[PDB]
Amino acid sequence: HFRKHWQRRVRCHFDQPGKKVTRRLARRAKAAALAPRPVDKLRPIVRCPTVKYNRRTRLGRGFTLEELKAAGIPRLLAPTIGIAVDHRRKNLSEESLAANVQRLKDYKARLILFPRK
Amino acid sequence: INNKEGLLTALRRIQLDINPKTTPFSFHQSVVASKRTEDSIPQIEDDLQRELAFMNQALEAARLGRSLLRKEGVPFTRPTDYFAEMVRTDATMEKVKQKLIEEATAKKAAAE
Amino acid sequence: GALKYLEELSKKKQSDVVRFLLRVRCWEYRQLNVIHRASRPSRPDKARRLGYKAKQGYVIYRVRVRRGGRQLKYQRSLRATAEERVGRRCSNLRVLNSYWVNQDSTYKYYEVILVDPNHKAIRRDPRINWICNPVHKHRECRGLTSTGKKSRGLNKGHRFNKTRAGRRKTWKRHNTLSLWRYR
Amino acid sequence: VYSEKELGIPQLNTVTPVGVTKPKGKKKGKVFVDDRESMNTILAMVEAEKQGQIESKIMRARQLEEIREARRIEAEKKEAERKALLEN
Amino acid sequence: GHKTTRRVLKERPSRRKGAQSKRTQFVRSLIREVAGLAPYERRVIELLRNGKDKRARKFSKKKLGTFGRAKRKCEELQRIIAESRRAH
Amino acid sequence: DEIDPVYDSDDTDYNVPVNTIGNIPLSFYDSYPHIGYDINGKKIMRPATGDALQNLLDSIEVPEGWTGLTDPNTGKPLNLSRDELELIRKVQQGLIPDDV
Amino acid sequence: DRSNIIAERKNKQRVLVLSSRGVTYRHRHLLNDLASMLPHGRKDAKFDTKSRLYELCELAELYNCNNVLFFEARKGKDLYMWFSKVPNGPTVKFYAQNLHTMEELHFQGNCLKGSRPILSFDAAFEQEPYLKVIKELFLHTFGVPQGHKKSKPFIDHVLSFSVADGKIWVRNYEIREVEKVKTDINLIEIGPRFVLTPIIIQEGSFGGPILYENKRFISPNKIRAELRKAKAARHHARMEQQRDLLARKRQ
RNA sequence: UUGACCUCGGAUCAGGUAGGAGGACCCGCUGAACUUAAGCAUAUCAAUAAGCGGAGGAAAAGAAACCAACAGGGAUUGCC
RNA sequence: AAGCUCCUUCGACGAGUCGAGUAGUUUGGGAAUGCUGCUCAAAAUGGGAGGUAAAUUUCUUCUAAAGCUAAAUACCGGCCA
């Protein structure tokens, strides 16, 4: 299966350990700037679409406005205290709403919020 | 759901007069076979026998149709001087003839 | 709310009023040069919704391009060549957008909106000062305008697999043999 | 290159009618041509083919027309033969 | 599939399938009177007034390219006939 | 109410030819006394032959409705009529798409 | 007289051959073949899917057609055929499969375009009441009225309808005459070859009560759906096996 | 007579701006044939090479007229 | 100046653009996979895509023809190491 000019498009990954160090240093840089804050953002629990994977859950893009209000977190403050917000996802079932609301209350219990100035 | 009374009622509303005692064969030109084709088809996956069964059914209708039409006086045979359009173009039938040439050439070249 | 009335009027291009105006204006543009500056948009509603403001730094150049084909068909649009020719004449300006004004049977007429990046009004004002950055030089030449995006096929879905995120880049990605250290 | 006559190639229905076909390997009845009228029709076609291309439109029409009159006379003659044989 | 408790979701402002804006209908009706009619709509108007409703739909489809477009355009021009008679 | 399957005065098949000959070339029937068959199975005969002098006159001064085509129904040349010529004149100039 | 029919008794039949938006090239080839054999029918362009099924009635009322032959495609893969009498008559919905249109170079037959055919029906059409409704609808769609001025004078092909399985098999043959040995008819297939399985019969143009249901129709999507469920079932089986293996490994 | 407005011009007018180079990677246009296989032709090489235009430290894309048929996912990009 | 809450009041969303026909090219992709030229040329409980034999074209999911945006990605060229 080499009917094209494959030799001019061949990528060798000799920088695999070099890029890993670069990625690890970039993660350290984020911790340097956001010193007490985590380097990530809290993300919700979602169910995989297909019937092949619907028995398993994973992480979504951001929290729905309805489940953010049920937790007791204002919309405009959520991206500021380290919570991802997704305005495209709908709940459609109490099961998804309850799981992510409980996730938010667990996040609020562990939070240390400093005065503004 | 098989509403035989409703099905026959629907048929009566759109039925044309096809009775031979008052409607000549030229009007409808439809023939209903006396035997059942599936009774001559033991297995439906047998392509050779299935297509032979359909051909035989159509052959009888064409044979009976010709006899009735010629009795009534409707012309049947296409005259050799009647050139008219067909359902398949000249180019299509030229391709069909060429493929028959190619198969015959391959068969005869193999023997040679 | 005059622009909402103009939007509906521009929808009826074969109406008696619009046909009359387009007939007379087509003759007038034909007496003028192929590329000439228009002091004012002839479709103020269309220019406004494409990003035109009445500031110092916004200009309109209208241009007519010969229509037809090269049986070969140009992969870019007649609107793309109209923008590219106007940009060459006004080499100091940045092409923002363009719109159709008239067709005729020999030509095809467009009005092009251009922004001056070296004007203080544009530089101090946000919403337009992004065009002052050097990464926006000759967008019409690179297919970065609205016409170029349509021609390149930059849409999401299963009907645009081969051409979104770059057609040539996708081909290179699909035709590159990747060999790892631990095979 | 081999002749289509040598190969057992089925005849195809086209704008030119196949007509009533004859079974292979059987008696294809000889239809004799001996009338002066029947010979005239065949002769007109042969002469037209040999002449070929004629630049005059009227002269081309006349060549086609004489074949038409030859066909009409032959059809009339064969019709009269049928009537005489059918009646007498 | 699985049994989950369904939820009632808030109406989406992206829905354009509700009562459309009264102002845009006003603008469309006013502009249509001001602008006039296209040459092909003039043909349809003559056909509808003469009673050739069938020909009106066929001609409109040829110009537009869809049965639904032909139906809407014929209904729209029918209203103009009703109003113009009432206005006169 | 039921439909009456009739051809309105504006259908494509409102006026159908008597020749019962399709889109085939008229090169067939060139050497034949007849031109086509009707729907009853009877052959349509060629009408007549024009004079040679009339053909020369037509060649020198072409008739108004001359088209260069051959009528399938009757092998004589197809000529436009006055009403048809007005229709081509109206369309090619566009001044009057329809009267009144 | 606007009927374009010259006969003692006029059987005025006009057919509207209509296609939906998502038809394939093979489906269109089948439609073009059937339109050629129908001199009293006319072709019609793509029909809106979001519209209503009785909008076909005023569409056919627009063209003075009292028979509708409707081609409906799903997913760009499947074909469904509707036969209807436009104002009020019965309507039957089929699933068309095994399509072999013209221009396939293995038929070797031809016939006049518009010639009146011989309709060959099976004995099954005369017994089952629902097959008798389809027989009449077929006789109207492929009737080619006697005195029609677009038909051809001489008859040279036979259209045959057969019922072998729970399906209707449509074949088209050329009547070839051969001189007898001291004339007999030989048949050659010329045209479209397709199978119709009856789904439903409804009184009314494109609605009304259902008078027949197949109760054995296997949808092509049903075959597809089972294949997807099988792939998911295998994955769930492997996941369950791993969970049981982990539990027994702990034990 | 005077004065506005519109449109079009002059000026070595006051202040600016573009061209060229580079082109490894990037965005477009244009665009082959050797070669491979097959009665032939389409195909393959290749939506590549050559040619033209336009950027940057990255470029391009990008916040659904999307995927899905789910107990649903949720801008773009890249690896498996 | 700003966030929210409530409501006997309102709630504007992109046209020679979709689309139909046709020609060339292109894709694994005639529901035309996409693009371009030409002819015609729209809508507002609208429009696009998809699911569905399930009895009518019900149901699902988005909002095109205006625009900006770092990062993970490429790098035979530039300054070095």
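We name chains A, B, ... by the order of the sequence lines, and we start the count at 1 in each one.
For G/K46 against I/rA31, a side-chain-to-base donor-acceptor contact under 3.5 Å is absent. At a cut-off of 3.5 angstrom, counting only N and O atoms as typed in the model, there is a donor on one side and an acceptor on the other between the side-chain of A/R3 and the base of H/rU36. For G/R74 and I/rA31, a side-chain-to-base donor-acceptor distance below 3.5 Å is absent, hydrogens and geometry of angles not being considered. For I/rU39, the base has no donor-acceptor partner in the side chain of E/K63 [N/O atoms by modelled type, under 3.5 angstrom]. A donor-acceptor contact under 3.5 Å is formed by the side chain of C/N161 with the base of I/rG28. Contact annotation: side chain of C/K162 to base of I/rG28, donor-acceptor pair present below 3.5 Å. With hydrogens and angles ignored, a donor-acceptor pair closer than 3.5 Å exists between the side chain of A/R61 and the base of H/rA75.
For I/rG16, neither phosphate oxygen OP1 nor OP2 lies less than 4.0 angstrom from any side-chain nitrogen or oxygen of C/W100. For the pair C/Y74 and I/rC35, the criterion of a side-chain N or O lying under 4.0 Å from OP1 or OP2 is not met. Contact check, C/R164 against H/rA64: no side-chain N or O comes under 4.0 Å of OP1 or OP2. Checking the phosphate oxygens (OP1, OP2) of H/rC26, no side-chain nitrogen or oxygen of C/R173 falls inside 4.0 Å. Proximity of C/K13 to the phosphate of I/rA15: no side-chain N or O atom is located under 4.0 Å from OP1 or OP2. Phosphate proximity of I/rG16 to C/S10: absent, as no side-chain N or O sits under 4.0 Å from OP1 or OP2. Proximity of E/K73 to the phosphate of I/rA43: a side-chain N or O atom is located under 4.0 Å from OP1 or OP2. Residue C/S39 places at least one side-chain N or O under 4.0 Å from the OP1 or OP2 atom of H/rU7. Regarding contacts with the backbone of H/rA61, every side-chain N or O of C/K156 stays at 4.0 angstrom or more from both OP1 and OP2. For H/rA68, the OP1/OP2 oxygens have no side-chain nitrogen or oxygen of A/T50 closer than 4.0 Å. Contact between the side-chain N/O atoms of E/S14 and the OP1/OP2 oxygens of H/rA64 is not found at any separation under 4.0 Å. Dashed line: the shortest gap from a side-chain N or O of A/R58 to OP1 or OP2 of H/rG74 is under 4.0 Å. Taking 4.0 angstrom as the limit, G/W82 places none of its side-chain polar atoms (N or O) nearer than this to OP1 or OP2 of I/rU56. Listed pair C/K150 / I/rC18 meets the phosphate criterion, a side-chain N or O lying under 4.0 Å from OP1 or OP2.
The nearest heavy atom of RNA chain I to G/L53 and to C/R159 marks one nucleotide each, and the one closer to the 5' end goes with C/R159. Between C/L72 and C/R40, the residue anchored closer to the 5' end of RNA chain H is C/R40, taking for each the nucleotide with the nearest heavy atom. Taking for each of A/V46 and C/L154 the nucleotide of RNA chain H with the nearest heavy atom, the 5'-most of the two is the partner of C/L154.
For the pair I/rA64 and I/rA65, the rule of 5.5 Å between ring centres and 30° between base planes classifies them as stacked. Adjacent nucleotides H/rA49 and H/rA50 have six-membered base rings whose centres lie under 5.5 Å apart with planes inclined under 30°, meeting the stacking criterion. Remark: bases of strand neighbours I/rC13 and I/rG14 are unstacked by the 5.5 Å centre distance and 30° plane angle definition.
Distance CZ/C/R49 to CZ/C/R43: 7.5 Å, rounded to 0.5 Å.
No side-chain heavy atom of C/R164 sits less than 4.5 Å from a side-chain heavy atom of C/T170. Within the 4.5 Å cutoff, the side chain of G/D48 has no heavy atoms near those of the E/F67 side chain. Put simply, the side chain of C/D45 does not reach to within 4.5 Å of the side chain of C/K4, judged on heavy atoms.
Closest to the C/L144 side chain, of the nucleotides H/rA49, H/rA61, I/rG16, is H/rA61. The side chain of C/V135 lies closest to I/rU69 when the candidates are I/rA66, H/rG73, I/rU69. Minimum atom distance to the side chain of A/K4 is reached by H/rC45, of the listed H/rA49, H/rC45, H/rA60.
In this structure, C/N155 places its CG atom 15 Å from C1' of H/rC67, rounding to the nearest Å. Note: CG (G/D78) to P (I/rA54) measures 12 Å, nearest angstrom. Rounded to whole Å, the distance from CD1 on G/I223 to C1' on I/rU52 is 15 Å. We find that CD of C/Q75 is positioned 17 Å from P of H/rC27, with the value rounded to whole Å. In this structure, CD1 of G/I210 is placed 13 Å from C1' of I/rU57, rounded to the nearest angstrom. Here the P atom of nucleotide H/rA69 and the CG atom of G/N221 are 12 Å apart, to the nearest Å. Atom CZ in C/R76 sits roughly 18 Å away from atom P in H/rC52 (whole-Å rounding). If you measure from atom CZ of G/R216 to atom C1' of I/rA53, you get 15 Å, rounded to the nearest angstrom.
No Watson-Crick or G-U wobble pair links I/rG28 with I/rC10 when both atom distances must be under 3.5 Å. Here H/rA43 is matched with H/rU36 as a Watson-Crick or G-U wobble partner, both contacts being under 3.5 Å. I/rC40 and I/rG19 are base-paired, meeting the Watson-Crick or G-U wobble geometry with both donor-acceptor distances under 3.5 Å. Taken together, I/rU58 and I/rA49 do not constitute a Watson-Crick or G-U wobble pair, since the relevant N/O distances do not both lie under 3.5 Å. Nucleotides I/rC38 and I/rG21 are base-paired: the Watson-Crick or wobble atom pairs both lie closer than 3.5 Å.
In this entry H/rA24 has no Watson-Crick or G-U wobble partner, no candidate having both defining distances under 3.5 Å.
Residue ring and nucleobase are not stacked for C/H138 and H/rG54 under a centre distance beneath 5.5 angstrom and an angle between planes beneath 30°.
Here C/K149 lies in heavy-atom contact (under 4.0 Å) with sugar-phosphate atoms only. If you check every strand for non-hydrogen atoms under 4.0 Å, C/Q14 touches a base.
Of the two grooves, the minor one is the groove that C/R142 engages, as a side-chain heavy atom of it lies less than 5.0 Å from a minor-groove atom of a base pair.
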